[PDB]
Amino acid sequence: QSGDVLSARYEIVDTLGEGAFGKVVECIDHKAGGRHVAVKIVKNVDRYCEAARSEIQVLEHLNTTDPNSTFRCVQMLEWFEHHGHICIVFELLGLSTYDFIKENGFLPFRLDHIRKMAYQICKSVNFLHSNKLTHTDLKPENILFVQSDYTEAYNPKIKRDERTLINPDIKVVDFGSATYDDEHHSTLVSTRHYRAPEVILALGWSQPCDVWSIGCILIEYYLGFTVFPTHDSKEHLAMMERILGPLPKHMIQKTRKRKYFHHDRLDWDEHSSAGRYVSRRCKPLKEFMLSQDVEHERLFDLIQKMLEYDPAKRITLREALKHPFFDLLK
């Protein structure tokens, strides 16, 4: 579809992203002096149409409450229909945090940049949480840099070139799954590696599932890889138990996912092949730390609080925003 024109002004010139829903494309705006925008074009299929309409309602709400994007939600500029596809026009951002990492060879982000990003992500999502919303699908692909311009220097530690962002400011995009407190809550939310245990065990969820997702994101920014390299539910839980300890008993008694359990324990053989895989790749959380200095212990203190098993006990983003890890921004 490169070369197509939407609503008589937007010429598609590139693909920015892609998904279940359809695609996001970079367009030239022939009616505003040729400067560039992003456009999400949704598939002409019911479930994606409905999500898109819902996204539009959330964006109108958010953009009216915070017209200047103080809280770092993406700004919708307009929306329209075109060959029965819903099209949402956004301010053009830069690469996703996922793509920047990949482009850098999976080198993790420096801790100073991680502090700034984490702050902005928690500030953004806390704004949602303050307005009776849960995002439900937070992940690095959905956090984008405002500008992804970088400098480059040789790093003798690693013996190769590396890219450092000029400006690490982010925005949160994709409100297609975002859910108000009083609306229907889908059975299964989130992308698997960022999915909270209440979701996996179908106990119901709310704002705390986003906090778990953020915890998972921050680990990835720090390591450059997931700690949950899995595509199977029961295995993902064995990995949790290896990194965080046993699942709380009350969660186990409440769940109807009885296939995952034997007596009141995870039905998991450590000596099986999958057992060896987990034992190889996963280890107690604090063992992933790359240094012992206090900045690192505090990041890890936050992470651990975000990866509390019981959503009732998990840290809230209002509490996260005052965590000591954030003081070097003051």
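All residue numbers are counted from 1 along the displayed sequence.
- The stretch 154 to 162 shows the higher mean C-alpha B-factor when 112 to 120 is compared against 154 to 162 in the entry.
- Stretches compared: 190 to 198, 100 to 108. Higher mean C-alpha B-factor in the entry: 100 to 108.
- In this entry, the residue among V294, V278, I56, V37 with the greatest C-alpha B factor is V294.
- Between the residues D66, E26, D301, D46, it is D46 that shows the highest Cα B-factor in the PDB record.
- In the PDB entry, a CA B factor belonging to the highest third of its chain's modelled residues is recorded for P248.
- Annotation for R258: CA B-factor lies in the highest third of the chain's modelled residues.
- The PDB entry assigns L321 a C-alpha temperature factor belonging to the lowest third of its chain's modelled residues.
- Looking at the C-alpha B-factors along this chain, the one for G84 belongs to the highest third.
- Split the chain's modelled residues into thirds by C-alpha temperature factor. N131 is in the middle one.
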